[PDB]
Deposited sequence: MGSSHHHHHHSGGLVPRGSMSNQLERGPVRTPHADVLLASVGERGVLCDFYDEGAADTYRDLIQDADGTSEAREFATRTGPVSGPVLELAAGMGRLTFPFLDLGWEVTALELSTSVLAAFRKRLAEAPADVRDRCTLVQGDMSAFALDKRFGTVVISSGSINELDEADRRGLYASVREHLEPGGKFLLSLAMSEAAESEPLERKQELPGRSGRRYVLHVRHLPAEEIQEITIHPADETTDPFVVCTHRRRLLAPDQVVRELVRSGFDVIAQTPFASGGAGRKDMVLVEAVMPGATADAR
């Protein structure tokens, strides 16, 4: 239990986010691997686009919920979805895919070392010319231009320029009855993940901001990465 300065813990439809993934993939022949699929907040929208989806999830309990939802769906929908228990930071399906997909909530679950395991696992499950697509929440600090500081320093005079670039923040939530719950989660800057992707061998061909809920301020980025 985290006792924030404002003192119980604390522990949305995926159609728009899913359509954004579909925009940045285009033709997609063959199956799509979705990492940390949860109970299908994105997977069901993906299936509705006609995609064949291998949905990977770590939790037994979450898998049961997903399986139940799938039993409730029409046969043609359920038939296009393959559920697999695994760890997105270290998995082996002995099988490659034209497209690999991961959501922001998912990637922000992993620390730095685990993200490297993720990147490497993905490399092993991409077919040549395959696409690795990520969505990433973008905070106010992450989208803003960094304030550059300038100082004149001395014999020879130099000008020093200093900027601080966003890398990682904590999203803190205190739930509050109006007349008290708690959560802190990781919030990586899209630019930080892009740096990490390049470092792990990927070329990042595009970063498209979008609105998670499909309207209003653009609060997310869709990153397309490919293997050279």
Query raised in the report: Given the full deposited sequence, which segments carry no C-alpha coordinates?
Result: 1 to 27, 35 to 47, 52 to 65, 209 to 211, 237 to 243, 293 to 299
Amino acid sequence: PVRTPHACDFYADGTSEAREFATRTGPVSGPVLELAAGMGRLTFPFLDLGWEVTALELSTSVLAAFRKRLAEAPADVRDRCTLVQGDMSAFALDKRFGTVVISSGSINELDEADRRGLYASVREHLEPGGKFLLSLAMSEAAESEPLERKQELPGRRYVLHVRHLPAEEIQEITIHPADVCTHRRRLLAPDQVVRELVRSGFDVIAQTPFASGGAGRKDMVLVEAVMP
From here on, numbers count along this sequence of modelled residues.
Query raised in the report: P31: absent from a third or more of the other PDB entries compared?
Result: no
Query raised in the report: For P190, does the count of other compared entries lacking it reach at least a third?
Result: no
Report task. Using the B-factors recorded in the PDB entry, average over the C-alpha atoms of 199 to 207 and of 59 to 67, then report which stretch comes out higher. Result -> 199 to 207
Query - 145 to 153 versus 85 to 93 - which carries the larger mean C-alpha B factor in the record - result: 145 to 153
Query raised in the report: Highest Cα B-factor in the PDB entry belongs to which of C181, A167, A36, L42?
Result: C181
Query raised in the report: Against its chain's modelled residues, does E52's Cα B factor rank lowest, middle or highest third?
Result: middle
Query raised in the report: Lowest, middle or highest third of the chain for the C-alpha temperature factor of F132?
Result: middle
Query raised in the report: Which third of the chain does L126 land in by C-alpha B-factor: lowest, middle or highest?
Result: highest
Query - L110 by Cα B-factor - lowest, middle or highest third of the modelled chain - result: lowest
Report task. Within this chain's modelled residues, let me know which third the CA B factor of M138 belongs to: lowest, middle or highest. Result -> lowest
